[PDB]
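Data block below; observations after.
What follows is calculated from the coordinates using simple rules that are stated; it is not laboratory data. Cβ sites come from the backbone with ideal geometry, for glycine too, and all protein chains shown count toward neighbours.
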Amino acid sequence: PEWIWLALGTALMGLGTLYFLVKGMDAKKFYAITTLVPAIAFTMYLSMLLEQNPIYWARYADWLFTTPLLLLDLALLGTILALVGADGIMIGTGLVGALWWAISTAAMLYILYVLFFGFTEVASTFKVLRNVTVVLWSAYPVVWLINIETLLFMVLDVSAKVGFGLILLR
Amino acid sequence: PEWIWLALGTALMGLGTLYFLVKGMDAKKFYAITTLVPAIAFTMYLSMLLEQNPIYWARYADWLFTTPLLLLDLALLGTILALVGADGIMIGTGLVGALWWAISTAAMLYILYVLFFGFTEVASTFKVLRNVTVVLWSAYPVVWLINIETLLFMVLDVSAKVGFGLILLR
Amino acid sequence: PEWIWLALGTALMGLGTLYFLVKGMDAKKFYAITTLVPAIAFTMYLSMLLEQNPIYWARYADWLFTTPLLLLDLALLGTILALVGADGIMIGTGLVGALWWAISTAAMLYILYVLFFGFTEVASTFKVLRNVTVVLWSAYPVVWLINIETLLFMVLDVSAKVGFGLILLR
Ligand SMILES: *C/C=C(C)/C=C/C=C(C)/C=C/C1=C(C)CCCC1(C)C
Ligand SMILES: *C/C=C(C)/C=C/C=C(C)/C=C/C1=C(C)CCCC1(C)C
Ligand SMILES: *C/C=C(C)/C=C/C=C(C)/C=C/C1=C(C)CCCC1(C)C
C-alpha cells in the first residue's frame with residue numbers, strides 16, 4: 001500500500017538534483033547546499049522504496065541529514081548544532097517507540113522560535129521560509145501521533161524541498 | 001540497582017541546560033557550546049535510564065558526542081579531529097569487549113598531552129581545566145578495568161560538566 | 001584465508017601514523033590531515049583483522065571516513081559534502097547487497113570529474129594526485145563486481161595512502 005506513493009516520490013527527488021546541478025553549471029555557496037538536499041533525499045527516498053519496524057528508520061535517517069542542511073541553508077543567508085541534537089533526539093524516540101517525543105517538540109519550537117528571532121528579495125525569502133517551514137513540519141508530530149502515513153510525508157518533503165529549492169533559483 | 005543513581009543523574013543534567021540557556025538570554029560562542037553539553041548529556045542520560053549488553057552503549061554514544069565538544073570548548077579559547085578518532089576508537093573497544101582499550105589509553109594521553117602543550121581569568125580557566133579533565137577521565141579506564149559502575153560514572157560526568165559549565169559563567 | 005593479507009596490512013598502517021607524527025614534531029594544516037588517515041586506517045584495519053556478512057562493513061566504515069579526508073586533503077590545497085554523500089551511498093549499497101552500486105559509480109565520476117576541473121611542486125602534487133586517485137579507486141568497483149577480495153583491497157589503501165602521505169612530506 002505505502003509503495004504506490006513512494007515510487008512517485010523517489011522519481012521527483014532525483015529530478016531536483018538534475019535540475020539544480022544543471023541550473024548551477026555568495027552565489028557559489030547556495031547551489032551546493034540546495035543541490036545536496038534533493039540528491040540526499042533521492043538516495044534515501046529510493047533506499048526506503050527498495051512490516052512496521054524496518055521502513056520507518058530510513059525516513060528518519062534521510063530526514064536527519066536534510067534537516068540541519070535545510071536549517072543551515074536558512075541560517076546561512078552553537079545555534080546550528082543545537083537543532084541537530086533535537087532532530088537526533090526525535091529519531092531516537094520514534095524508532096525507540098515502535099521498534100520521548102515530548103522533548104522533540106520542545107526542541108522543534110526552539111528551531112522555529114530561533115528562526116523567528118533570526119531573520120527579523122533575501123528578506124522576502126526568509127519571511128516566506130519561516131512560515132513555510134513551520135507549517136510544513138507541523139504534519140510530522142501531527143501525523144506521527146495521527147496509505148496515509150507514507151502519503152502525507154511524501155507530499156511534505158517534496159513540498160518542503162523541491163518548492164524550497166525553487167525559491168533559491170528565484 | 002544501577003537505576004537509583006541514574007534517575008538522580010538525568011534530573012541534574014536537564015537543569016544545566018535550563019540554567020545556561022536562561023543565563024545566556026567571543027562571548028556569543030561559549031553559551032552555545034557550553035549549553036550543548038548538558039542538554040545532549042540530559043537526553044542521552046535519560047535515554048539510558050529509559051542485562052549487561054544494552055545499557056553500556058548509550059553512555060558511549062553520549063560520551064562520544066560530549067567529548068569533542070568539551071575538548072573543542074577547551075581548545076576554542078587536525079588537533080581537534082584526532083581526539084574524536086580516539087574516542088570513537090574507545091567506544092568500539094568497550095562495546096566490542098562485553099557485547100582494544102590499549103590504544104584508547106594511548107589516544108587519551110595524546111589529548112591530555114596536547115592540552116598541556118596547548119594552554120602553556122582565561123589562563124586561570126585552562127590551568128584548572130587541564131587538571132580537572134585529567135583526573136576526571138582517569139576514572140573511565142580505571143573504573144572500566146575495575147551499583148558502582150553506574151554510580152561513579154554518574155558523579156564524573158555531572159562533576160565534569162556541570163562544574164565545568166559553571167567555570168564559563170565565572 | 002583473507003587474514004594472511006590483513007595482518008600484514010594493519011602493521012604498515014600504524015607505522016604511517018608513527019612516521020608522520022614523528023616527522024611532524026599552511027604547513028600546520030597538512031600534518032594533522034595526513035596523520036589522521038593512517039591512524040584511522042590502522043584502527044579500523046586492526047578492527048577488521050580482530051563468514052561473509054560481518055567482515056565487509058568495517059572496510060566500508062574506515063573507507064567512509066578516510067575518503068572525505070583524502071578528498072578534503074586534495075581540495076584543501078558544497079563541493080566537499082557532495083562527495084561524502086556518494087561514499088555514504090556506496091556503503092549503503094554493498095552492505096545492502098550481500099548482508100544500488102549504479103548510483104555510487106555516478107557519484108564517483110563526480111568526485112573524479114570535479115578533481116579534474118578543480119586543480120586545472122603543489123601543481124605537481126595535484127597533477128599526480130588526480131591520476132593516482134582515479135586508477136586507485138577503479139579497483140573498488142572493479143573488484144567489487146569481480147584470498148583476492150582482501151588481497152587487492154589491502155594493496156590499494158596502503159598504496160593509496162602511505163604513498164599519498166609520502167607526497168606531502170615531499
Ligand atoms: C526533507 C525532510 C526534512 C527536511 C524533515 C524534517 C523532520 C522533522 C523535524 C521530524 C520531527 C519528529 C518528531 C517531532 C519526533 C517523533 C515524531 C517525528 C519523528 C515526526
Ligand atoms: C560528559 C562525558 C564525557 C565528557 C566522557 C568522556 C570519556 C572518555 C574519554 C572514555 C574513555 C574509555 C576508554 C579509555 C576505552 C575503554 C574504556 C572507556 C570506555 C572508559
Ligand atoms: C583509505 C581508503 C579509501 C581512501 C577508500 C575509498 C573507497 C571508495 C570510493 C569505494 C567505493 C565502492 C562503490 C563504487 C559501491 C559498491 C562498490 C564499492 C563499495 C567498492
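Some notes on this structure:
- Rg/Rg_globular for chain C, with Rg_globular taken as 2.2 N^0.38 Å and Rg from C-alpha atoms: 1.01
- Taking only the C-alpha atoms of the protein assembly as shown, the Rg (one decimal) and the largest Cα-Cα distance, Dmax (whole number), read 23.6, 64 Å.
- Three-way shape label, region C:74-113, alpha-carbon gyration tensor, a/c 1.5: prolate
- With its label point defined 7 Å out from Cα along the Cα-to-Cβ axis, C:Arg170 lies at 5.2, 5.2 nm from the matching points of the other copies, in increasing order.
- In this assembly of identical copies, the label point of C:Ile80 (Cα plus 7 Å along Cα-to-Cβ) is separated from its counterparts by 0.9, 0.9 nm, sorted shortest first.
- What the Cα convex hull of region C:72-170 gives, in volume per residue, is 101 Å³.
- Too-long pairs where the Cα-Cα distance tops 30 Å, listed order kept, from B:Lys28/C:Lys28; A:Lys127/B:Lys161; A:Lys29/C:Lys28; A:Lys28/C:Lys29: A:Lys127/B:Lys161
- Cα gyration tensor shape for region A:120-161, rounded if a/c is under 1.5, else prolate or oblate: oblate
- Within region B:103-139: backbone nitrogen closer than 16 Å to the B:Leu76 label point (7 Å, Cα to C-beta): B:122-123, B:125-126, B:129-130
- Calculated diffusion of region C:14-78, Stokes-Einstein form, Kirkwood radius summed over Cα pairs, 10 °C and 1.306 mPa s, µm²/s: 124
- Shortest-first distances to equivalent copies, position C:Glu121, nm, label 7 Å out along Cβ: 4.7, 4.7
- Total formal charge among the other residues, if their Cβ is under 11 angstrom from that of B:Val37, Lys/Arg +1 and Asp/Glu -1: -2
- Sites C:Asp26 and A:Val22, calculated FRET efficiency, Cβ-Cβ separation with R0 35 Å, nearest 0.05: 0.45
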